[PDB]
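In what follows, a single structure is set out as structure tokens and then discussed.
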Amino acid sequence: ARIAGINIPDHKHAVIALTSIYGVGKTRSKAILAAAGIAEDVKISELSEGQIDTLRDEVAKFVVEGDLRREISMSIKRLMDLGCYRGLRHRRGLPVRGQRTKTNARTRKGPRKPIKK
Amino acid sequence: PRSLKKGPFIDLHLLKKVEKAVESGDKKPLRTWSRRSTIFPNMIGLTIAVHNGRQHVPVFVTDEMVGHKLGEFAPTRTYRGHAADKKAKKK
Amino acid sequence: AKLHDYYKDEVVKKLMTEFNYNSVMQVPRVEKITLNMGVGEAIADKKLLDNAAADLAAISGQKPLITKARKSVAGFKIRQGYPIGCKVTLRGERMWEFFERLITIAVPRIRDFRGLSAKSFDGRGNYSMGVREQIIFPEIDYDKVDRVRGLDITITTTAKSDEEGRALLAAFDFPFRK
Amino acid sequence: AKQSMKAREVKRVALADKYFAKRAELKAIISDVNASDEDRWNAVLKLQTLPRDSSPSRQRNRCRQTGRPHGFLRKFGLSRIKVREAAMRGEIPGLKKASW
Amino acid sequence: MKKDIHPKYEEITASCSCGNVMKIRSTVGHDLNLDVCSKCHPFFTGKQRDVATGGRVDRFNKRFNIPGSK
RNA sequence: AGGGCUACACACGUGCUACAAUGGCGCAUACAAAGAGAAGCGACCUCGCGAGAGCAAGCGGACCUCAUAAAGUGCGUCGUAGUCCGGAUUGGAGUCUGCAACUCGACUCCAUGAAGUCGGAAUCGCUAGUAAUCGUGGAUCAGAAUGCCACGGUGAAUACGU
């Protein structure tokens, strides 16, 4: 099929399309489509079948959320369980990789303490 | 994340405790004035007491502890109750 | 059922002889594997009930018998006749075929759990394996809306006692937890 | 204030050169970047721990007169406040109160 | 034998064996009573140097000054 | 010696980056000044997705080098859709400086990817090379600038009246 056989987006020119397909951003999106010999300067729509059917396979190399995003998660879930000062800080849900806190947690945590309760 | 020495990393002060222990096995845990360190297999299965800045907290070393820094596995500050709300302490 | 063919052909004589038994249904014989799975109630809209249904689905293709909160008394509360745990008393010869992976190399799943000890099966040779993580059938997808932890697996036995219990569960093979 | 914190610095500078210099530079070749699968010598840190006393990451600056610990100027050996007063009194040549 | 539920049960024939006859079991330590490290091998390569730089074919004996290259 | 200085729930002062179509996206393309540099800055070389890596000229500074200004222009491109902006966060791998990057670094990179759709009441700076914006360079500096200091591009509205 036209679409990548794993999962669904649609439309737009091929180059932007693989982070729409998912799990591969721009650097992999140029290189992966180019290795297959598939253009950036085309609609998703027009694709000759030898490019698409090969695209459905040439994708199959890389990311699918079903095991992968869960697995990359399960590595963190283990970290959250492991007994580390690095993971413990992932458990409480503050910034923990880079930052410290005067007032700097909205990116990680979403809101400040909210509402009337 | 941030990454490690581009050469060894082993730290040898806590090795300096470990090197007479390591083939002696199970006893009173190693009190570390050296939390800087990595953790790897040579240190597996001993109980290495990790300086929090004032007192050593035992970490028993196992597979997960091939990973990473030693200190990384273990507290220094008492990060408290969420929002600085609690009326007990755990010294 | 090849585990049970292994038991018919190889294990029944091994066990008979070594324990000195005189009659074939005097000898050990592994019975009726059963499960539970306890849900954190069904939830206000019966969604943790759906979560009982897919997890059962993972290692029995059926539907649950579905056990009900007969009495409801203390802290999980109310209803005193609404659905709770997810029991299957599995089919026979087929259940013994399931036994070919069903607590044998269920091991790539395992991370430890409170059961499977050659000391803490009960003083009646009856035991309950609370597994946590699902066996894997090989078909498509692994988004099941998962309920992460499930499945106490209660193996039942021709066993009344300690000696028939460790005849099974240990050296019948598969091994207990080391 | 605390003549001792300034003194604490001086012994590390005399030892920076005296003990360390011939053992210092040893890291990059035989320990760090250039020792990959050339032995790697997995006992370097223990050696250099007394040199923790000495090693340039473990010593700074301070003003050579009054020893202020912040805002040094390498050109002079002094620091922000104390340098300007020496300039005010003309005691550096060529150092006019600037105008452009 | 009620013929109307239970849709699959056996269809691979239960192939698992070692690593190699579809999916894994490995060793006599196939009782897996611990978690996942997610962090050991190959960074820990059997050795304790955590990524020294890109390969030289020289690798001299002692010491250096990097910005003089003499 | 190790922690701490750096916590975090929250409120406040300052600067940052953007919310787009004057625009963002790709290639190609043009002209800066001022500086700093011997235990330092460091080309060319050959590797490396990149940071960098290694080899080494050269420099002793209007000589070499840091160091290629960038925005702007030129063509293609997206077509208002929280996106092709923004990219914080967060996983993993990677470079690096250094007794030592875990508490607590800087930097590359791959993947993923939030809020933000011109901002109450209130409120600040501004008259000319100024405002606005683009980038450059250095002092502190082992390492570690969003800030400080200075440098130059492109370069405005308007003040009727007290």
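For the structure tokens, the naming scheme is as follows: chains receive sequential letters (A, B, ...) according to their order of presentation, residues are indexed from 1 within each chain, and ligands are indexed from 1 in presentation order.
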Chain F contacts to chain E at 10 Å (only C-alpha atoms (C1' of nucleotides)) as number ranges by chain: F: 38-42, 47-48, 52-56, 92, 94-96
Interface list for chain B, partner chain D, 7 Å threshold, only C-alpha atoms, as a PyMOL selection string: chain B and resi 6-8+11-13
Keeping only C-alpha atoms, take the residues you just selected and write them out as a compact mmCIF listing (two decimals), in the first residue's frame.
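Final output, saved to again28.txt:
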```txt
# COMPACT_ATOMS: atom_id res chain seq x y z
CA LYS B 6 36.88 8.94 28.02
CA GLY B 7 39.36 6.68 29.47
CA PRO B 8 38.83 4.48 32.53
CA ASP B 11 37.04 5.09 40.82
CA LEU B 12 39.95 3.79 42.79
CA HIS B 13 39.31 5.11 46.27
```
Closest-contact table, chain B side, partner chain A, 9 Å, counting only C-alpha atoms, as a tab-separated table:
```
residue	atom	partner	partner_atom	distance
B:1	CA	A:97	CA	7.3
B:2	CA	A:97	CA	8.8
B:64	CA	A:82	CA	7.7
B:71	CA	A:85	CA	7.8
B:72	CA	A:85	CA	5.5
B:73	CA	A:84	CA	3.7
B:74	CA	A:85	CA	4.9
B:75	CA	A:85	CA	5.4
B:76	CA	A:85	CA	8.5
B:82	CA	A:92	CA	8.3
```
Members of range 57-133 of chain C assigned strand (DSSP E or B) by DSSP, as a list in words: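 Here is the list: residues 68, 83, 88, 89, 129, 130, 131 and 132 of chain C.
We find CA of residue 118 in chain C and CA of residue 176 in chain C to be spaced 6.3 Å apart.
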